[PDB]
Structure formats: structure tokens, C-alpha cells
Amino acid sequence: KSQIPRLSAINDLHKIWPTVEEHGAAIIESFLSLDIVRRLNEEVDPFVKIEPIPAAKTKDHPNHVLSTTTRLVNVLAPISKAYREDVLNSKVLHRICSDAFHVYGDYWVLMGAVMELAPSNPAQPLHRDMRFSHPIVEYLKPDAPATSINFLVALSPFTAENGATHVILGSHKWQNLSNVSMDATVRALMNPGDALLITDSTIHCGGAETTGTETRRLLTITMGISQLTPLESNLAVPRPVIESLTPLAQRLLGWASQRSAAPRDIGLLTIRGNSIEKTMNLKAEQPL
């Protein structure tokens, strides 16, 4: 069976979205440099260690789906200079997103999360993303352009033995799911900084950790049209942090108004015909 197409971040940029449109998945080699991976890992390290179980009794939005041994840290902008500067301004991410979402209009981060999978973490059931947050997506026409995509960035090696992601190629176009089986999957074997790009219709799962020794870490960036509500809020991020960002990064975090692709678009998150950023006199690129 066909392996996941592998593309250059550097050379093949125009080919990435077309590849995912056709196959439902592509591996972007060196999506992030090892330097950015090192910085992001160092910055999020302590937040992963203090993070309670996904369904902790102290949480008012517990995640009952993730393995109890899994750790998920989102709202990364206040945690990680590497995330809010390098990742939110990624030339490769923005080319792919504008290619993917041009029919709809502006896009933003639905969730940027570091996930750490514990040794012996079981395989996730085969699934499509967004079904625990956005019931609306199941009501879209079968041939509706993808309204979200997910960059699964390796922050540690992804191997067959340590639970590298499974995908079913072509499954983003499936209506009948009677053929859904682990028999139909191929693996995203990845070095740190490689990214597996899938759509919200690609059938996939986290793999089984079978070594009982290896901790696997990823940065999952769900990018979606600005018409869909993010899984995460940046409302509590300090204004000085927001004002250190590029206007583009501010938009991705919901600290800007948003535009649809409608010819006479009237906009999203506006204030009497003016933008958030104009109304609030929101500064940009002010160092901390």
C-alpha cells in the first residue's frame, strides 16, 4: 500500500496543500528547525510536568477522551516565545492555510497544544478530529472544502515501536466507513520538526507505545476558518504579551477582527464597523 507523501518545507511549498487535498495526509520534512523544536520543548517542559490528568476533578472542562496518562498543554502563546514568534509566523504554515481556506476567508488557531504520550500509551481508536467540540462539522456536505486541518509536529522521534501516528490515505473522501480498520493504515515515521498534515476528515489515530520506556511528544496545531470557534481561549493572555506579537499572530489568537471570503464581506468580531485592533488601539511587535 502507498506510503504518506513526503514534501520539502523549503522547495515543494505550492505542492503541500494539493498533496493533502488528494491523499488526506502529507509529511512536511523539517516543518520546524531543530533550534525551534529545542526552544519550544524547553519552554513547555515544566507546564507538561505540572499538568494534571486530562479528566482531573479540579477541571470544569475535563477531557474524558484522552488516556489518563496523556498530558495536553494548550494556550501556548504566554508559555513559549518560540511558539508565539516562530510558529505563529511560519511562512510554510501560512502558505498552506491560505491555499486550504481561500474559499472561506481568514483562518486562525483552533488549538495549539503540546501533547506528551506516556510509555505504554495505547493506540487511539481510529477517528476524525473535531467530533468532541464541533458537531456542526458532521452536518457539512460531503464535498465541502475542509474547514480545519491539523499539523501534527514531532517534538521527539515518531517510530512504529513508540506509537507514530496511523492514517488511512484517501479516507478524507470516505462517506461509507465499513472499510475502517487498522489494516488500512500507514505510519507517519518522523524526526523532530517533521509535521504530519491531515484534514478534519482524514481517518487517523495515535499509535500504541510498545517499548514501555519511550515518551513521545508532539505539537498539534489545528488551523481552522475564522468562522469556527477555537477549542482554546487567549482572552486571559496579558496585553503586553499580545502587543509583542505580529498583527498576523494577534489575528491567529483571536486578538483581531476577521474577514470572510464573501465578495461584500461584513466581517467577524467587529465593533460598529471597526476592527478590535483599531478600536482597542492594539500595538504590535512591542518587545517585552
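Start at 1 and count along the sequence shown; that's the residue number.
For the pair 11-19 and 266-274, the mean Cα B-factor is higher in 11-19.
Relative to its counterpart among 205-213 and 100-108, 205-213 has the higher mean temperature factor, C-alpha atoms as listed in the PDB entry. Sorting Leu253, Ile221, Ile225, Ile36 by the CA temperature factor given in the entry leaves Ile36 at the top. In the PDB entry, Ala164 places in the middle third of its chain by CA B-factor. Residue-level temperature factors show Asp60 in the highest third of its chain, judged at the C-alpha atom.
Among all modelled residues in its chain, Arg84 ranks in the middle third by Cα B-factor. Sort the chain's modelled residues by C-alpha temperature factor and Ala188 lands in the middle third, per the entry. Residue-level temperature factors show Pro54 in the middle third of its chain, judged at the C-alpha atom.
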